[PDB]
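Here's a solo chain for you in structure tokens, the form deposited in one PDB entry.
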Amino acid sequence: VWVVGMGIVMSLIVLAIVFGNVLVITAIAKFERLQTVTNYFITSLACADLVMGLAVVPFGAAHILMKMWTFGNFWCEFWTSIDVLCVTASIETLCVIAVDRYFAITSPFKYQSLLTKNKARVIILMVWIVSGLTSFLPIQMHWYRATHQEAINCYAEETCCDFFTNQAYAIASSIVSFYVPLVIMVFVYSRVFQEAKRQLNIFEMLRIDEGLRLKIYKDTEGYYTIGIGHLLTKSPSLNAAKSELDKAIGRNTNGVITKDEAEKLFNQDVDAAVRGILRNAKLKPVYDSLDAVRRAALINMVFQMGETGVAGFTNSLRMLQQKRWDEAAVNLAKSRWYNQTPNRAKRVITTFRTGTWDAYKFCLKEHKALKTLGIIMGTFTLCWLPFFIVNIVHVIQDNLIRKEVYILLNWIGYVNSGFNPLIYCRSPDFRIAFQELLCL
């Protein structure tokens, strides 16, 4: 019959869950630079998805294909109990991630978790402990058992593992175990995206569109530069750029420098840009007649071109001081600066034009890491929220739920366990880690 199709489909889903989440787990286990605090949370998140694929989805596939329960009422309890455990531990983990990323993005240690690894391990156990209590106890203590005849006949029957619960459980379980951490997750992590966008200074602005290299390279004009767009010299001699590099650093570098002494150059360059805007009489009044977002966009222009080069935009300077943003943005486009480097000028002109950071959304490496964590959360919501909204309406509407429409929406939740590894292939560090494990 037509069951052979779903068997292959479900068997592939079990593989994509197991093979993908063991891949995520092993990548964090062996590789050091992925052993971060956030990735310990992802480890337990992958475990919740891995156990979903080893203990839950297969026995649910045998339940659908055989149209009955082969494994007894004992395993019917654990299968249900472990299924609830993996979903409860997943949302709280995603809830801990969001709160961890909030306290990180608000501390002066931006993008770095305040929790230590030993303490984050203490959090993981409590999540599984609290999940293990809210999941096993209501199922093992029969607090879910309904009192209507159809449920009672399935309870005593060992070949039936239909999941009928009384209305009190369906409410309290959905609220405490799913909706509360969901609402916290969505509110706390929307608070993170709002801080990353609000907390964009000139330093992150430049470091995005200027880049960072630790080896001497030629810039867009061909001049020897190093660090974050630090101009070394305009002479074609490499040692002239290396000797000027050593005079500025004080160390014999042979053209290679660390990230610490590269930020120190980056600070001095930005300081020279602000001091240069204040020395020049043509740039001083315009800088003062600007908000912090456009002050940065101005510091960026002086960073790239110098004080005298930026002062040539005599019309654009008068308009940015007259606060005529759209009109200044046009003369900024009619320049040869927008010709040589259009992608950078676009982001700077739009920063003047709009007075926001929309041109630099998710352009910084650490913001892309947050957007990655926002996708595993938004996916977790879209996979389970339909299931949980139908449970909450099923109870209120008082009509019993359609067994195929019910189990359907639970499988949209099941296929969530295979989505996390692909969203991690959207990180550059996991791609490099996965390719080693796959030996590609």
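Whichever C-alpha set is largest while still superposing within 1.5 Å between the two forms counts as the rigid core. All residue numbers are counted from 1 along the displayed sequence.
Looking at mean Cα B-factors across 111-119 and 243-251, the upper value is held by 243-251. Judged by mean Cα B factor in the deposited record, 304-312 ranks above the other of 304-312 and 92-100. Residues shown: 333, 184, 175, 369. Highest C-alpha temperature factor in the entry: 333. Out of 189, 128, 79, 325, the entry records its largest CA B-factor for 325.
Split the chain's modelled residues into thirds by C-alpha temperature factor. Residue 256 is in the highest one.
Looking at the C-alpha B-factors along this chain, the one for residue 397 belongs to the highest third.
Residue 296: CA B factor lies in the middle third for its chain, per the PDB record. Per the PDB record, residue ranking by Cα B-factor puts residue 179 in the lowest third of the chain. Ranked against the other modelled residues of its chain, the C-alpha B-factor of residue 195 as given in the entry falls in the middle third.
Omitted here: the form deposited in another entry. The next part is about that form.
Lining up the core between the shown form and the other one shows that one residue from 135, 174, 165, 304 moves its Cα 2 Å or more, and that residue is 304. Core-aligned CA deviation for residue 316 between the shown form and the other one: 2 Å or greater. The rigid-core alignment places the CA of residue 367 less than 2 Å apart between the shown form and the other one. Superposition on the rigid core between the shown form and the other one places the CA atom of residue 338 2 Å or more away from its counterpart.
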